[PDB]
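Numbering starts at 1 and runs along the sequence shown. Just so you know, ligand 1 is whichever comes first in the structure, and atom 1 is the first atom listed for that ligand.
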Amino acid sequence: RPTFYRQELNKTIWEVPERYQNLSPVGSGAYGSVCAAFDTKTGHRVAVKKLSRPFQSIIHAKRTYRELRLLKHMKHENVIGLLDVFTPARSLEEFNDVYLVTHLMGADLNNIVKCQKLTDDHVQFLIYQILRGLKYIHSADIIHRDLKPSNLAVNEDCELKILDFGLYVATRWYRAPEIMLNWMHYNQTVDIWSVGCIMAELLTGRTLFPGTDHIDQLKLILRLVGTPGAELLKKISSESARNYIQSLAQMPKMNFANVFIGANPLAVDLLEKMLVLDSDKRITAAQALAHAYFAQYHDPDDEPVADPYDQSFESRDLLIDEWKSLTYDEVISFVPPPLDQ
Ligand SMILES: Nc1c(C(=O)NCc2ccc(C(=O)N[C@@H](CCC3CCCCC3)C(=O)NC3CCCCC3)cc2)cnn1-c1ccccc1
């Protein structure tokens with residue numbers, strides 16, 4: 001067990017191993033209780049997040065467990081990873097605080113597109129990295145579900161990582177129509193819809209579908225992609241949804257080349273494949289990596305899949321102390337990753 005030191009920062013107690021020095025609040029509470037710190041073991045900067053009320057209820061307890069399991073699984077260049085996890089507690093009995101250490105990421109894509117629309121080369125590279133990380137996540141039957149520019153981090157070198165900071169930039173604007181309506185017939189390609197919305201925004205400088213609510217959101221979508229045809233209508237099991245759709249004045253699919261005017265035609269074509277209303281016809285991440293738009297980056301020998309991930313816990317209903325105990329086990333069993341420089 002290492003030696004811990006205590007301090008207070010912006011209303012909160014912080015008790016961290018001496019390994020981590022020079023703690024400094026980041027994001028002004030936007031990411032929660034997160035400090036930048038210097039990791040004396042590698043001489044790199046890191047971020048340290050102290051979870052807020054991790055075991056307050058059964059649902060927080062399960063959320064905490066879920067986040068820790070997900071972080072311990074992720075081992076890919078384009079997905080956030082876990083450098084360390086610790087608690088000052090010596091026993092399960094004392095266990096009440098969980099700290100997570102990750103790389104300190106440079107800036108998000110909200111705070112880069114809001115600087116300027118990007119070049120087509122920069123778009124190719126950022127979307128390629130998003131898709132490569134999604135191939136990995138999706139291969140373990142993990143769906144992000146909340147992809148948006150503030151959940152993508154990019155250092156000065158344009159290397160990108162997918163994360164999810166949790167609770168400016170609304171989720172609904174990037175959400176797939178099937179899980180903002182019925183939430184029934186959906187798959188991993190909800191994340192691909194989000195990637196199309198992100199990619200559009202990077203190319204144009206403008207949010208593709210800035211809806212005010214779920215109804216307005218949907219209306220903005222249908223204006224580009226057109227109202228569902230008979231074939232998609234056949235697959236809607238929700239009757240109120242089917243009624244709503246069929247109650248609208250029927251709208252034609254736009255020609256995307258007339259919407260994204262002057263864009264690389266290979267970008268336009270890929271957007272056509274991502275922003276399809278029918279989730280069975282939308283391009284997967286693995287398929288999109290092989291699209292000609294990424295010809296400069298695509299390497300089918302360097303686009304790895306994930307180890308399988310046991311999600312069976314998601315179906316369990318357990319007590320707070322059980323979720324707490326499981327989370328303790330995961331802290332104890334953590335194997336730090338290989339150091340890199
Ligand atoms: N602010 C920060 C941090 C920081 O906060 N690090 C800690 C951390 C911990 C967990 C996750 C995190 O992603 N959890 C996830 C893990 C699983 C997820 C990963 C991505 C693929 C899908 C699965 C998570 O479980 N979500 C939850 C959080 C609570 C409930 C909502 C979602 C993200 C960061 C680091 N750099 N910067 C920074 C970024 C830009 C500029 C300046 C500084």
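For ligand 1, one of its N or O atoms has an N or O atom of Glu67 under 3.5 Å away.
Evaluation of the ring pair (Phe, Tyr, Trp, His ring centres under 6.0 Å) test over residues 55-79, restricted to residues two or more places apart or in two chains, returns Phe55-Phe95, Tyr65-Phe313, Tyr65-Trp323, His73-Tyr309, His76-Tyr136. Every pair tested for ring pair (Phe, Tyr, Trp, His ring centres under 6.0 Å) that includes a residue from residues 196-248 fails, sequence neighbours excluded, so the list is empty.
Considering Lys50, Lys72, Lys161, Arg63 only, the shortest heavy-atom separation from atom 30 (C) of ligand 1 involves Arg63. In the candidate list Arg66, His144, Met74, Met74 is nearest to atom 23 (C) of ligand 1, counting heavy atoms.
Judged by distance alone, the side chains of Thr204 and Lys117 never bring a donor and an acceptor atom under 3.5 Å apart.
A side-chain hydrogen bond (donor to acceptor under 3.5 Å, both in side chains) with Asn264 holds for exactly one of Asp120, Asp269, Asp121; it is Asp120.
Taking a cut-off of under 4.0 Å to the non-hydrogen atoms of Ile80, the atoms of ligand 1 that pass are 13 (O), 19 (C). Annotation for ligand 1: atoms under 4.0 Å from non-hydrogen atoms of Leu71 are 10 (C), 16 (C). Within ligand 1, counting atoms from 1 as listed, the ones closer than 4.0 Å to a heavy atom of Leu70 are 17 (C). Of all atoms in ligand 1, numbered sequentially from 1 with element shown, those under 4.0 Å from a heavy atom of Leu104 are 36 (N). Listed by number with element, the atoms of ligand 1 under 4.0 Å from a non-hydrogen atom of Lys49 are 9 (C). With ligand atoms numbered from 1 in the order given, ligand 1 contributes 21 (C) to contacts under 4.0 Å with heavy atoms of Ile137. Atoms of ligand 1 found under 4.0 Å from any heavy atom of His103, numbered from 1 in the order shown, are 35 (C), 36 (N).
Residue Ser33 holds its OG atom at 9.5 Å from CG of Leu9, rounded to the nearest 0.5 Å. Atom CG of residue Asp97 and atom CD1 of residue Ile13 lie 9.5 Å apart, to the nearest 0.5 angstrom. A distance of 10.5 Å separates CG in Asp164 from CD1 in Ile162, rounded to the nearest 0.5 Å.
Between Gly27 and ligand 1 there is no heavy-atom distance shorter than 4.0 Å. Taking a 4.0 Å cut-off on heavy atoms, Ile162 registers as neighbouring ligand 1.
Heavy atoms of other residues, nucleotides or ligands lying less than 6.0 angstrom from CD of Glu156 number 12 at most.
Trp193 has its ring centre no less than 6.0 Å from the ring centre of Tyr174.
Counting heavy atoms under 4.0 Å from ligand 1, residue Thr102 touches it through the side chain alone. The backbone and the side chain of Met105 each have at least one atom closer than 4.0 Å to an atom of ligand 1 (non-hydrogen atoms only). Both the backbone and the side chain of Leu163 come within contact range of ligand 1, each with a heavy atom under 4.0 Å. At a heavy-atom cutoff of 4.0 Å, ligand 1 is contacted by the backbone of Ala107 but not by its side chain. At a heavy-atom cutoff of 4.0 Å, ligand 1 is contacted by the side chain of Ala47 but not by its backbone.
Using a cutoff of 4.0 Å between basic side-chain nitrogens and carboxylate oxygens, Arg206 and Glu201 are not scored as salt-bridged. Using a 4.0 Å cut-off between charged side-chain N and carboxylate O, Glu303 and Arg132 make no salt bridge.
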